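Colleague:
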Amino acid sequence: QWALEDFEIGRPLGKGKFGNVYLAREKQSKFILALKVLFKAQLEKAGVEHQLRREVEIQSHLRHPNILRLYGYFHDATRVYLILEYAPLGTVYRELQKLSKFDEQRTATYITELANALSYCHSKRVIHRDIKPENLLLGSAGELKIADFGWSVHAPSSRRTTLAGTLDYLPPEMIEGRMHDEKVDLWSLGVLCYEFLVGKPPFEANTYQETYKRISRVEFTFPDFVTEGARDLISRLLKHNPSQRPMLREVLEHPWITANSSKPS
Ligand SMILES: Nc1ncnc2c1ncn2[C@@H]1O[C@H](COP(=O)(O)OP(=O)(O)O)[C@@H](O)[C@H]1O
Ligand SMILES: O=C1NC(=O)[C@@H]2C[C@@H](c3ccccc3)CC[C@H]12
Ligand SMILES: [Mg+2]
Ligand SMILES: [Mg+2]
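Note that the entry's author numbering has the sequence shown beginning at 127, numbered continuously upward.
(1) Kindly identify the DSSP beta-bridge partner or partners of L161.
(2) Does the separation of the CB atoms of residue 107 and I209 fall below 9 Å?
(3) Pick helix, strand or coil for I184, following the three-state DSSP scheme.
(4) For the candidate residues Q370, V310, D294, whose alpha-carbon lies nearest to that of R340?
(5) Closest by CA to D274, which one among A129, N367, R195, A172?
(6) Taking the beta carbon of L225 as the centre, do at least 16 other beta carbons fall within 10 Å, making it buried, or is it exposed?
(7) Hey, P214 and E269 are a contact pair by Cβ (cut 8 Å); roughly how many whole angstroms apart?
(8) So is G303 buried or exposed if we call it buried at 16+ other beta carbons inside 10 Å?
(9) By the DSSP assignment, the beta strand (DSSP E) with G140 in it spans what residues?
(10) In terms of residues, what are the limits of the alpha helix (DSSP H) holding residue 107?
(11) Hey, would you say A281 sits closer than 9 Å to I253, going by beta carbons?
(12) Kindly indicate which residue of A167, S387, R357, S342 has the alpha-carbon position closest to the one of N367.
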């Protein structure tokens with residue numbers, strides 16, 4: 127069906143490890159979208175064909191306002207192309223670099239949108255496993271959208287592939303290569319809530335080895351300005367034992383969320 131000839135390419139939207147993402151317009155319809163480009167030599171070297179198939183299969187069947195759409199894909203002997211919904215207000219990562227920290231209303235609103243999208247995902251027993259600011263995009267009304275399903279799977283699961291970059295958003299059971307489930311996403315939600323309020327993630331360190339240590343031991347502290355309600359929620363989510371982490375419904379009904387969020391369940 128689709129081919130590169132069908133699109134006019136425009137400015138670079140971003141770069142990932144494999145992904146090189148461009149603004150693009152479909153020639154016949156003038157439909158504006160995002161084209162994620164992956165090089166076959168790099169995919170083959172890393173041996174990550176299976177993740178790319180998962181990304182397409184999982185994310186193309188999901189339908190939720192707070193999850194980025196994937197429309198299709200094609201390939202052409204040097205490259206693979208994913209056709210994505212364009213997110214015009216960019217990444218949460220960029221927004222955090224701009225403002226340094228988010229206030230409580232902004233934070234509680236993003237956490238609600240995130241928990242809604244995750245609740246929908248978990249109801250199909252899909253776990254995302256790579257929730258972090260560079261993979262959270264913003265729609266035309268500033269609404270949050272989860273993207274980048276390259277690491278997603280069905281629960282329960284072990285890990286069959288190497289952790290490339292940052293450990294900062296992963297739970298103890300994942301970094302120790304143990305069996306894991308849906309609760310991995312709830313831990314990441316806690317890490318994000320902290321980073322939104324404070325400006326950096328709670329286990330951040332100078333080396334991989336010590337970040338690993340802070341995570342496995344759950345060693346984090348709060349700055350004075352973080353309020354009691356925020357502390358209660360973050361402490362509940364960052365539990366070493368997965369079964370002690372709350373359900374997404376309990377997150378959405380937490381008093382601090384309901385007091386500060388501007389969006390409903
Ligand atoms: N649909 C989109 N709209 C706008 N920007 C995007 C979109 N998809 C990706 N980006 C930008 O490109 C970056 C890499 O995309 P991603 O799909 O996360 O690649 P990777 O799998 O390599 O991490 C994102 O962090 C973001 O900056
Ligand atoms: O040559 C390929 N390496 C890959 O990783 C791709 C897997 C294939 C594929 C099929 C469906 C969805 C996503 C990717 C297409 C062919 C290339
Ligand atoms: Mg990414
Ligand atoms: Mg990826």
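We put the beta carbon where it would ideally sit given N, CA and C, even for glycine.
Modeller: On the basis of the coordinates in this document:
(1) Counting from one through the sequence shown, the residue named residue 161 turns up at place 35. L161 is bridged by DSSP to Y148, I209.
(2) Look at the range of the chain in this structure, 127 to 391, and you will see that residue 107 is not part of it.
(3) For the purposes of this step, residue 184 is identified with residue 58 of the sequence shown, where counting begins at 1. Helix.
(4) Position 214 of the sequence shown holds residue 340. Taking only the C-alpha atoms, the option nearest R340 is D294.
(5) On the sequence shown, residue 274 is found 148 positions in, with the first residue counted as 1. Relative to the Cα of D274, the nearest Cα in the group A129, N367, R195, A172 belongs to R195.
(6) Start at 1 with the first residue of the sequence shown, and residue 225 comes out as number 99. Exposed.
(7) Numbered from 1 along the sequence shown, position 88 holds the residue referred to as residue 214. Numbered from 1 along the sequence shown, position 143 holds the residue referred to as residue 269. Rounded, the Cβ-Cβ distance is 11 Å, inconsistent with contact.
(8) Your numbering for residue 303 matches position 177 in the sequence shown. Classification of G303: exposed, given that the 10 Å Cβ count is below 16.
(9) Stepping through the sequence shown from its first residue, residue 140 is reached at position 14. That run of the beta strand (DSSP E) goes 133-141.
(10) Given that the chain is displayed from residue 127 to residue 391, the structure contains no residue 107 and the question cannot be resolved.
(11) By 1-based counting over the sequence shown, the position of residue 281 is 155. By 1-based counting over the sequence shown, the position of residue 253 is 127. Contact: yes.
(12) For the purposes of this step, residue 367 is taken as residue 241 along the sequence shown, with counting starting at 1. Nearest neighbour of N367 by Cα position, chosen from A167, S387, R357, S342, turns out to be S342.
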